[PDB]
Structure formats: C-alpha cells, structure tokens
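Before anything else, here's the structure in question.
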Amino acid sequence: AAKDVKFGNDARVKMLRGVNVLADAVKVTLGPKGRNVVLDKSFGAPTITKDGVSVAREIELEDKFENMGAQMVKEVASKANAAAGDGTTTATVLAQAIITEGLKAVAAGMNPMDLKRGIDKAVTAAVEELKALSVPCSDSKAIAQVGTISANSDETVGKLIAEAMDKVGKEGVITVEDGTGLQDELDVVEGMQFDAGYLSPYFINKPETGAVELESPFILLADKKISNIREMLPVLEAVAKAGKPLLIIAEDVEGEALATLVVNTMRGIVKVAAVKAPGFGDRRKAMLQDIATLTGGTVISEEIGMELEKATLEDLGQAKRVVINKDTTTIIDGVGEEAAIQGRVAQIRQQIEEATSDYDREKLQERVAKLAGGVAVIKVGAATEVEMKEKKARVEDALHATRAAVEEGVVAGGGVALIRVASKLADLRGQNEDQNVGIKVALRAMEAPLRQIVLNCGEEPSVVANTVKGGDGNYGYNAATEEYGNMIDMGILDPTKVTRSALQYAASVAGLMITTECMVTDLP
Amino acid sequence: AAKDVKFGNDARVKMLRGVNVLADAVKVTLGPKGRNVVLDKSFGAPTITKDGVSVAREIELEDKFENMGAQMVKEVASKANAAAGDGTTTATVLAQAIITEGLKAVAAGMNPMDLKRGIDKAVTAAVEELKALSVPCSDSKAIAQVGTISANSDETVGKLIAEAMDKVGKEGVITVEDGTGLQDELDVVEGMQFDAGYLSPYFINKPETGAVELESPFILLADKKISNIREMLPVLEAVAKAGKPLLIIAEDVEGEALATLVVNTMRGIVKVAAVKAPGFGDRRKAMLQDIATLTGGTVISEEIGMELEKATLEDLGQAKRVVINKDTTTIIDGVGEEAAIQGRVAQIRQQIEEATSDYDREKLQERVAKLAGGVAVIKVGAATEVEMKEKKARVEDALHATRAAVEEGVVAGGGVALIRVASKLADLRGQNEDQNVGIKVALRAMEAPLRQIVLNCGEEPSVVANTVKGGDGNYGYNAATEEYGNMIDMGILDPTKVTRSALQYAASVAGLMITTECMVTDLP
Amino acid sequence: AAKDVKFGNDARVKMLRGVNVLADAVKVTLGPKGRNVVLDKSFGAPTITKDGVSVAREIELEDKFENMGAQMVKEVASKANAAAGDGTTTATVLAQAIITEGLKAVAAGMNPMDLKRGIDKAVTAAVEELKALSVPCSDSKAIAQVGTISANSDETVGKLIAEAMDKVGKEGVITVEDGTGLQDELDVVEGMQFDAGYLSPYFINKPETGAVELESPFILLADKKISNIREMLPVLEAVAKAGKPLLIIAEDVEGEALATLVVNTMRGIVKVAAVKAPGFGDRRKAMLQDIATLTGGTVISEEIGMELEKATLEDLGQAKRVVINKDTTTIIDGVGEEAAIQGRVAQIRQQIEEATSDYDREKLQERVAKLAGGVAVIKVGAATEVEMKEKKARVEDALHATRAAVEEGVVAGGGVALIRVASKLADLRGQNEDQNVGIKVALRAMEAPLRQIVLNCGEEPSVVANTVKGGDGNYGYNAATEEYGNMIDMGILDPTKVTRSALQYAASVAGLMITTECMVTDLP
C-alpha cells in the first residue's frame, strides 16, 4: 500500500521521540528506590509493576515513525535479557543516552559513520576495561554467594544452585519446576539441551521468563521442510482427542505452516510450538535421531520415504517437560527407554575413536555430553503453594545470574562498573574529530544507569557520579543504604556478562539509528 | 472507471517528484559508507537494511501520478540487476539525474525528442568507451580474483567458482546449494538450463532470490497449449498422492488453467509450477524431446494421439532439483539414464553432419551443448548452518559477478568507470543544439553514482569528482580508504556488463519519461 | 432514476470539454515524432505507449456529460479503424477540429443544421478530390511496395503479401499464423470466407483483435432456429468427449439456448461457436451445402426428416481453424475431399448457365468463387519467437493496409492529402452564409492532422502548412526527415480508403454533436 517516506532530520527526530517514550517509561523502575508503572488491562484491575521488561512489552506508539524507533530499541535491547538473564532495561537507558547525544552531534554536522566508529571503539575499550574490573566466581563458596545475592539475600537458594552445579558441573544443564512439598529436591534425569529457539514469539505462554513451557507434550520429528497444513491436519486432529500439546522439530517450518500454527494455538485448538532442528547436513539428521532416541519417537524423512500424512500418535515422541527460549530448546524426562539411550551413547562413542580430524571428534563428544549428561532438576519446596511459585521464580532468576557469573564473573552493580570503566578511558581517541566526539558520547552515555538510579532515590546524580569517579576499582555508591564503599563487599553486583551485553547491544542499536537516513512506513 | 488525465508540464512534475522519492530513498545506501534505511513491518520489529533493492521494493506513493513515475523507473532499473546481477540501484540514481536535468531543459523549451536523441548518442558513445576501458577476465587466475572480491575477500569462494568453471566451462551451468558437512563439494551431474520463465509470480518459495525452487519434482512435458484444468485433473490428482511437486512445460498456459493452478497451489493443494516451452515451431518440439530424454518422461502431443487426460505417472519426468528465474529455467540431476541421453546426443551429433545450413548447425550444436555439458553443483561447506548459509549467499553473488565479468570484462568500480567514460566524451556533438544539450545532460548524469558515494562518505563530491576526471584509465577514488590510485589494483571493480546495463536502462526509462506528454490513471 | 438534463450551450460546452480531453490525450501520439502516453494499470508497472487507440480505450471522464462527449466521438472514430485498418486517431483529431469551430459558430448565432449541411458538402467534395489525388495500386510491384511501407520498411513483408495475393487474388482470402521457424511458408488450403458475424459476443477468444479462434473444431451444420439446449445435448456430449471445440451453423440461436451457451462456454465446459448464418432464404440454405462439402460434414434439416438428437460426431464437419470477427467468418482448411469440392463446384458452375436472372448469377458466382478460390496461409518465420511474433503482427498490419490500398488506392500520407484536397476547395459554396461557414469549418479542420504532426516534431505548423498548400498534387512535408517533396516517392502514404473513412466518420459525429440540443444522464 502507499507509503510514508521520511528522510534525514525528519526521520531522526521521530525515532528519537519514540525511543524517548520507551526509555522514559521503562527507566523509572531502575533503582532500588525505583518507582511503579501502571499498565491497564481490559479485563480487570490494572497491573502495578516495577519490572522494566513488563513495561517495555506494552509500549507501542501511535505515530508510525516514533513507533519504529521504540520498536527498534525494544527488539535489540531484549537480546541483553536473552543472553545474560538481565540488563534489557539497562540497555534501553544506555541506548537512549547514546542516541540522544549522538543525533545531537549529527545535527551539528558531524559525520554519522565516524560517530558510530568512535562509539564502537570506545565500547570495545570499555569491555576490555570491564574484563579487567571483573572478579572471578569459580569456587562454590562464591557460586553460592552470588546465587544468594541474586535470590534477594536468601542463602537457601545460593545453597541449592551451588549443589546442582556440584552435581552436573558448572557447564551442565539445570531446570527448576514446582515442588511436591515442604522440602526441596534435586534429581538427574534423561534430558538434553540444544540450540533452537521458538520459530515465532506468541508461542510464549510464560512471559515472565520469556519462554514456551510445555508439560507432557507430544514431539514431532521430521527431516524435511514443512510448509503445508495438508501434511499436518491428520496429526493435529489425532492430538486434539488425546489432549496433550505439541512440539515441532523440523528442518524448518515456513509460511503457511507457521502462520496457521500461530493462529491455531491462539484460538485454543491443539496448542503447538515449533523449533529448528539443530545443525545442518548430516549432523542435523544425526542429532534428530538423538532426539528420536531420547523422546522415544521416530524420525519422518522423505529420504527413507515416510511422510507427515502417515503420522499417528504412536510415531510421536513424548517427554514430561520441554522449555523453549528465544535461543534455546531444552528437553526434560523423555519417555525413551534407558536401553535405547545407553545404546545410542555406545554407538556414537564408538564413532568417536575413528576421527582422523579433531573436528568430528569434538562434535560427536558434544552430542554424547548433551545426551548422556542428562539434566539437573530442582523441585522447590515452600509450605504454602503461593510461596512455592514465588520462591521458584527467585531460584530461576538466581540460576541465570549464577550461570552468567560462572562464565564471565561479577563486577560492581548499581551501574558503577560502567562509570568506572568509562572514567579509565578519558584519553581514548580516534582517527578524526568526529570519531573523538563519538567516543566521548559513549563514555558520557555510560553514566546514565547510575545517574538514573540516583535520580529515582531523589539524590543528586551529578554529585554521586562525581564522587564515584573519584574512587577506584569496585568503589561505588550503594543506593539502598546511601553508603559509599566497595560495591562487591556490600553485596551489590552484576554478572560481568550482563553489563557487557547491555552496553554492547545498546551501542549496536544506537549505531544503527545514528546512521539511519530513511524511514519507510504505511500510511495512517 | 473514471480517469484523471494530466498533460505536459503538469504531468512531468508529478513523474519527477515520484522518481525523486524513489531515488532519494534508495541512494542513501550507495557505497561503502552507505546509510541504513529503516523499513517498517506490520508485525514485529522494523527491518534495518542497506540493500537498495530491498528499499526499492517498498516504495509506492499515494499520489497516483507520482506513483506512476516511481514505478516506471523502478521497473526498468530492475532489468539491470536481472541482466548483469547488479547495478539496479545505480541505474535508479542515473535515471534520476538524467530525468531531472532533461526535464529542466524541456521546460526551458527545448525539443524532447532531440534531447532524447542526444542522451542516446552519449550513452552509445559511453558504452563504446566502456568496452575500451574494460580489462578482460579470461585466465582463471583472474576468475578467482573477481569471485574473491565479490565474496568480500574470501579466496575460498574465488577458488571454488574458478574450479567449477574449470569443470563445466566458462559458458557452463553452475548451481550452488546447501552443504552436507564441513568444507566444499563440487559435483557435475546430468542437467540442463534453458530460457523460459514462470508464467506466474506467487510461485516463488524463496522470495529472497525471488525464484522458484523445487525438490524431487515431477516434470510434465506436453506439446500443446493448455487453457483448461479439466484436462489437468487426472494427472494433478495422480501426482497429488505421490507427494512430490510438479513442473509444467508446454506451449503456454492461459486464463482458467493459469488462475486455477495459481490458486490451487497457493492454497497448499498440489503445488505446481508452469513455464513456456523454449523456442517455437519444430525446434520447440525437438528441445521438448531433449528435455524428455533428460528427465526420463514421455512427451505428450496431440499429434501422436495421446491426451493429457490419459497421462500416467511414468510418462512424467523427474529430477532432484529445479530452479526458476523471471526469465530462466534450470534442471538439476535428471533421472534419465546415460543410455537414452547419450543416444539422443549421438542423434543430434549426426544431425550436424547432414546440416545444409549454418543456422541448423548452430541450433543443433546448441542442443548438444546443453545436453552433453550437464550442470555443475557447488555444495557450500562451513562449521555452522549460519556460516554455511551466509557463505552460500556470498557464493551465489560472486558467481553472478564472475559470469558477467567473464562475458564483458571489468571496469573500475565505485562509480569511477562512468565518470571516466564521461570525461573522454567532452567533444561529442549531435545534429542540433538541443541534441547537444541532451548529450551534456547524460554526461553530467554519469557523475551521479561517484558523487553520491563520496557524499555518503562525508566528503565533497565536487572535489573528488574533479580529481578523478583529472586522471586516466582506471585511476580513481577508493572511498573506503579515502585513497586515490588504480581501482583495479585496489580491488574495486564492477563487471563491465553491470555498468553498461545500468547506464542503458537508466537512459531508456529516462528518455521515455522526457518524451511523455500525457498521463492517465484511475481517480482517487 | 432521477435525471440530470442539460440544454443548449451548457450541454454543448460539456461535450466539447469531453472531446478535448479525448483528442488532446490521443493526438500527442501523432506522426513520427509522436510522444509517449503513460497508462496506469492497477497491478504492476504502467504501460508506455505511442498507440493512440490504446490511449483512447482508457479515456472515461468523471463528469457524466463530458464523458458522453468523449464516448461519442470515441465510438464513431473507432469505425475508421474498423473499416480501413487505420485512421481512428486521425478521425479523432479531425472531429475535435470540426466540433470546436462548429460550436464556436453555433454560439455565434449560426444555424446548426445549416452548418452541418455546409460541413457535409465540403466533405463530399473532399472525398471526390481525394479520389482524383489517388494513385492506383494494382500491379504486384505496387502491392509489395505498399506492404513494405506498412511493414515499416520490411521488403520481405511486401514480397510475402504480394505473393499471397498472387496465389489467391486481390479479393482473395488471406490469413497469417505462427511459422514453424526461420522461413515463411505460403500454402493454399481449401477454405472459405463469408459474411457472418458471431451470433453473440463472449465467444471471444483473442480479445486483442477481439475475435473467435477455434483449433481443429468440429463443425455442425443444421438449418433451423434453436431456442432449447435439450435438442442439442446428445451431439453436444458427442463433441465433449472428442475434446475439440465446436462450430454451430444454424439459422439463429435465441433465448434460453443462447444464454445457456454463453454461460456454458464462459464457465469453460465444451467451448463452442455459433454461426450467423450467411443470409436469408435460399441464400442462407442453398450455399450451406458448400460448407457441408468442404468441412466433410452433413446437413441437418427438419425438412428431410432428420433431427439434432439423431446427430453424431461424424455427421459433423471438420476444419483446422475458424476465425470469427464482429462482422465476418472465415473457415480455414476443412477436410472435405478434392473430388467433393471439384464436384460441387461443377454443380453450381453449371447452375449459373441455367440462371434466368442476373441476381442469381451474381449470388451463385459469389458462392463458386468463395468455394473454388480457397484460403492462403502465411506462416511467418523468424530466428526467435519474439522476432517471430513481432514480424507476424507487422505482417497482419501490412496486410490490412494493402487490402485497403488495393480497393481505393493510395494518397500522400503524414497529413497532406487532407490539406491538399481542402486547398482545392476554396471556391466551394452552399445555399446560405451559414452553410458557407460550415464548409470553411471543415476545410480548416482538414489541416489539423498535418498541423499536429508538425507540432509534435517541434516545428511551426502554420509555416509548414502554408508551404504544403503552396504546392500541387502529392507534394508535401516529410516530418521524419524535414524534407519537402513528393510524398509518395519518399514512401509516406495512406490508403485512400483510410483517409476517406477518417474524414467521413469524423464529420459524421461532429455533425451529430453540433446539432445536439439536449443531453440526459443519471444523477451523481
């Protein structure tokens, strides 16, 4: 249909105004003294939330161009939360600082591509300086400590996570589900974790962790591309009776199939989600048979001749739970016999020895690690059920923070790590003055989280920030207690990965927006 | 329905405003410092792209006249990418420069037909001069160099492409498809490529490349026109059950059969594709027979007395893959046995002895080159599916680039071949003063891509353009490095076919618009 | 429905305004320096055309009154093309030039009816003067020259047409179809062309020429009126099976059978055509036996006791192709035997010896010439299908041209016969001054085409026209080359028929409009 086209400054201020509504709404939540946001609901009483991600999910603008802005930085910032388990909000407020001052500079006549190069350079520097500031978390004393701090000072959670990591190792797979009673349980079951995301959002039935959660679903396994509901319909109507959900693992699910799936599960007919089968070529189908072994299903390939129309309920795979992130599919407790799976580990481990090249060796060992290693399960005991759902949540959160900390360590939270790292870069320069401006734009941007945190507390951001730069290392301001001192010892810290990802993603989308000269949307 | 009719200047300003929206949108992406265009999507996050072809696809305007302008230069410029594999953006910006200054002259009162004659003279001259400036690509060392640069300096792609051209020849068929594992496969199979396109769009299952791709399809060869799906039903429902797609090659398909096939396969019922048989008269039939022998099916003609209703599944052909352009149909790994096909090649090779005429000899040798040569298949290897898909994209690209490069050579890229060629034509004149103005208009237009490139780099286009005019041959400005020198040593180059095609198509649509006195469109 | 009624001047200016849009849109295409008109199409890129007929087709105006005007001179001028193969556009600019000044004068107070009579007298005069100016085209050298200039200087088309006319005669039946390639075949087949229109539209096959085209159809011969699909259905089912189209030859087709046939072939099932038939009485019935002899069929009459249900497939006649115009039917290559043909020829040829009356002699001579002469078939060859279709269209055009030229000869083209002829009429007067003004109005208007052509060419019309008036005979201005001299020698010329037709039809609709006092249309 006819388009509205906007250029240059015209487009830029629209974008800016848009990210300003997104950010200004999202960032009032930021401190420990962060405020509430009220989100209306058609049915019932409005939601009161301090969760910036909940707020962001609800922000869409009337003006088409502004909306494009807000939606751009939503989409890119959400990737922070998806990588490190937190920092999407942080990414939003950083993005707003960089985009604001950046466009400001653009409009004085500086070269946007140079500004971008200067920003990107400064950001890379900042990540190095951040890797220096990082304090490792390795020994399980510190693992339990961080899990605890992430549990809102609950030593039970730190304890729990630390133990699951002592069992399946730092590298291993850990889930948490409803408890059966007062006391917590930990068990290791048949299960796997591999890289596939939901093929579309809206598949998500649990928006708090941003994932698709399915209990006792049937699992379809097909090596082929599925574009058509013609091949699907018999199995849809066969699952409809039995009354269980469905998870699709195929070479892909495209067009008519995927759209008809989104609509079909939106209407309440046979709720289904879909993922991509991991790998390509031969390793793809090999892994698809690893799944066939694990869930006790059977693979449908056009290569051996069986088709999707030929599929009944017995050909279907089943497991007691599956969880699907933006980027990750993990399977817990497949019906598949321990005979079949042990035999699979045997066959592939036999395939391991013949490797001439290291590559095949490592891929097969990846497969066996995932399949034989299984999955660690945490059942969370609360007494009353309400406490259970709540504590389960805290444990999930604490778990993500702890994985992140295990990987890249921890740095001072409260956004003082950013201001710190930023202050170590005062002498960083580029190839031309525009690049230099770009650098100082990003270094100034890096003080926005702490300044906002302080602002929410009703204190003077300029002063606090000044004082925090004055110090060195993990010395910072504890917003809760209004006390300066070592932020880590005070127990206020972020996994290094989330701060880094926040900054990287923020700078990414800002860079694109600064270098954007044309916007094309539909007509009102 | 009632029309709005604009005449003269009143129409020409509308056309100009339309191509101004389109060109201004597209050309911000031009060059190594090119900007981002943000293209809105109805659901989800906006698209951020530097792909000017992608941008052009979205430009449609509310004013029906303005729209007509934009859509005209849109459709002619697209033929540039279609011919040479690139330069559609370039054509768009050229066409905008010619149309703008040409229409200026028209309004001052000069003769549009004379101006058009002048422009066309200048472009004929320019294409000559382009041929001169061109450096050949013949030795495979050079074929690798070209493929390499189009791959963004991956010598692997260059090597690969050159080896495939070493197998099936420079004039030979080369396809690229997904990889089975790490590293690369090069496989020659029995196969054929001829010029016939889809009789309908919407067939396209890979809108990325805008082409049709079918796996293990059945192929129907019928010598007749088909206007009725009533003849089609028995074979359609015979193939429906076999679960494999269908290719239709006949004299033509019109009206009811056309629409019923498009609708039926767009509904997910029996997905099929249909193309014009190559050629006309008798050789259309002998070429149909070549394709029959290749795909191991049987030719249905009214003449022998078989009807499309009596057609069975063995009468049909099959191959592993088929691929359909706008103008091209490719058949990969036909089922047909070496006995049948070498028999056919023997026959056609004996027919060449008996050939009375050169023409007959040439068309027979055509059929034997297509039939004997087969098809080269590049399977692209990588570590992960993403690196594979990306590398596959760069390979397809660099493959187009290298083909064009083989046909007409290479000229300095980055907009300087055009400006060079324009500099050599300062003394060119026409029959009268208007034609002379036309010539000068084209010659100025040719500076447009260089100038735009430089401008997106943040430099002064007049200065760079002036400096490049001062040099000779392929001396120009490298915009990525800000360094003047020899553009072919510096690895910045276009295939001469794309520069020529861009210029010719720009000047075609431009000439047409300049000489347009009347516009007719539906009423708002 | 309530009406809008206008009278007198109101109505007149509305009409004038309408024809000004029509003619101003169409006349920009005129002559060799003719301009481009851009026509919007709903889906896809716009059409760019120099074809004034195409442009005319698209013109429909919002104001219902103006629209009536446009549509009037539109419908009448399309008759110029209809009769002579060309001249619709010319007629349209002539009609604009007469209507304009005719109305100026009506509003100046002159009698419309008297103006119309003065215009008509001037046109009669001009047609005679045209007949004097006309140079004969009879010998095959002339014939081929005309065909060549109508073929856009292709001497092959001249030769080919002259060849076909040498085989079957100038009054002979000549058809052109696709070639079997590279070489033009010319074959005489047994066939006939008679004056029969389609009994209904929507038999339409190839709407470009708007004609019915059937391939290898069965031909049914019966003499009677058919109001019911009942009687036919048995032999209709006989035809449905064989899978070939069908021609019905009867006295008429009316009512429920007519509508049921419309719907039957509009929905696609058993495509069939129905015949005029030629004439009344014995001219309808007696000659129909010749169709029977030629097509290999049998006549069905209620008079000899046989009925249409008793009709089978073999009772029907069979021919290779039949084409039906609005007004004309042609039967191409029927199977009926040379013995049967020569025999029936013998019958009717010895029936003319026995003709008591001249009228019988003439009608019988018509049937024996139509039958014994046969049909010529030009199969147009070229190198490629595209070259072939282009050449075929040109050959068709050139043919119609050369027929017209054979009948009435040729005159100076490119505008100058009209201006010449008009120049010879300065002393022509009527009964009263109003008629005089009418005559001068027409004579002025005959300068419009030349003037317009010269205006498209960028030169001064008054001057050129002046100069052409200055001379004698076929002296004129060659617009393409800007050269004065003998138009015919320079190879710029029209069949006298189309110039006569243009003038006559234009002045017809102009006279109608001038003498219109009231218009009535629906209410917006």
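A few remarks follow.
For reference, chains read A, B and C in written order, and residue numbers begin at 1 within each chain.
Convention: a contact is a pair of C-beta atoms (placed from the backbone, for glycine too) under 8 Å apart; a residue touches a chain by one contact, two chains touch by 3 or more.
If you draw each protein chain as a dot and join the dots that touch, you get a simple line with two loose ends. Per the C-alpha superposition, chain B sits rotated 50 degrees relative to chain C, a value rounded to a multiple of 5.
Computed from the mean C-alpha positions, the centre of chain A lies at a distance of 74 Å from the centre of chain C.
Centre-to-centre, using mean CA coordinates, chain A is 41 Å away from chain B. Here chain B touches chain C in the complex through residues 1-3, 5, 7, 11, 15, 64, 68, 71-72, 74-75, 111-114, 228, 230-231, 256, 279-283, 307, 309, 359, 512, 515-523, going by the rule given at the top. Touching chain A in their complex are the following residues of chain B: 21, 24-25, 28, 33, 35-40, 42, 44-46, 48, 55, 58-62, 67, 178-182, 205, 216, 243, 268-269, 271, 384-385, 388, 457-458.
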